[PDB]
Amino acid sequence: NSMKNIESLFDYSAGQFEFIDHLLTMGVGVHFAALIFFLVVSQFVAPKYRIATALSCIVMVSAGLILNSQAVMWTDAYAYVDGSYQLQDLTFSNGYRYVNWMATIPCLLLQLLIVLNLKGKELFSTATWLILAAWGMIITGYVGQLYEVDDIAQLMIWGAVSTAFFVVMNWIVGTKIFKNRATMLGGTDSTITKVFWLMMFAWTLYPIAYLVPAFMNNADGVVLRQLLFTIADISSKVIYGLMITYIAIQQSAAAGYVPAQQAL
């Protein structure tokens, strides 16, 4: 897991290494700060959409803990020796991001289906296919990055299979969105279309980070990847769940929930 990542191949200057450390530690604070926000606003959401904000809190801590885990792992693996930080232990890898995405993604998808006003049969059915599509995407992608050092061709093939799931997954998402936005209240039929494009953008940054070993195999590619992961995390989880929350509140107010109508 550790020796399989391009991180293990390079020494890092002080500036590259502190900069990565600060991207992770910052990612933690952003998520734990948003957790408090999502927490305080749960009271202004009608019982119908209130699980959607709870799922945001679950994401913020799930990501926060894996990011904080990367941060520490980052500093335990390297030591400043002779003017550069040099690998000292086999503790750091991006594999724990992948096993994290197995959890956060179903939560990010569920809160979408919730604000879309699905329920019962369709909610359980659409939920099942998306998580299996997402899990297929994640698993094929995890196996592929195990070769980002040894067999790039393999990374390309698994990346290809992973993208097949990704494409099927977004097609289902978009289909349910455009077929059910006429149901949403307070004018959120316009917001949800924006959230979808936000999904398409932020999520597409991930495969771009996945391919960094293929076009930038050096220490500055290790920095660019984390920088890309940071931008994707902040957009796919924080900004994403902020608009999920806005949508939830808006419809709560439009549906006659008083705490929502007074919050707004």
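C-alpha atoms forming the largest set that superposes within 1.5 Å between two forms make up the rigid core. Residue indices: 1-based, along the sequence shown.
- Comparing the two stretches 167-175 and 90-98 by root mean square C-alpha distance in 7 other deposited structures of this protein, with all structures fitted on the core, the more displaced one is 90-98.
- Checked against the record, the higher mean CA B factor of 46-54 and 228-236 lies with 46-54.
- As listed in the deposited structure, the average C-alpha B-factor of 127-135 and of 142-150 is greater for 142-150.
- If you compare the C-alpha temperature factors of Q111, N94, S162, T175 in the entry, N94 comes out highest.
- For the set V81, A103, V115, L155, the PDB entry assigns the largest Cα B-factor to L155.
- The PDB entry assigns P213 a C-alpha temperature factor belonging to the highest third of its chain's modelled residues.
- In this PDB entry, the Cα temperature factor of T75 sits in the middle third of its chain's modelled residues.
- Among all modelled residues in this chain, the alpha-carbon of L185 has a temperature factor (C-alpha) in the highest third.
- Looking at the C-alpha B-factors along this chain, the one for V223 belongs to the lowest third.
- When the modelled residues of the chain are ordered by their C-alpha B factor, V99 lands in the highest third.
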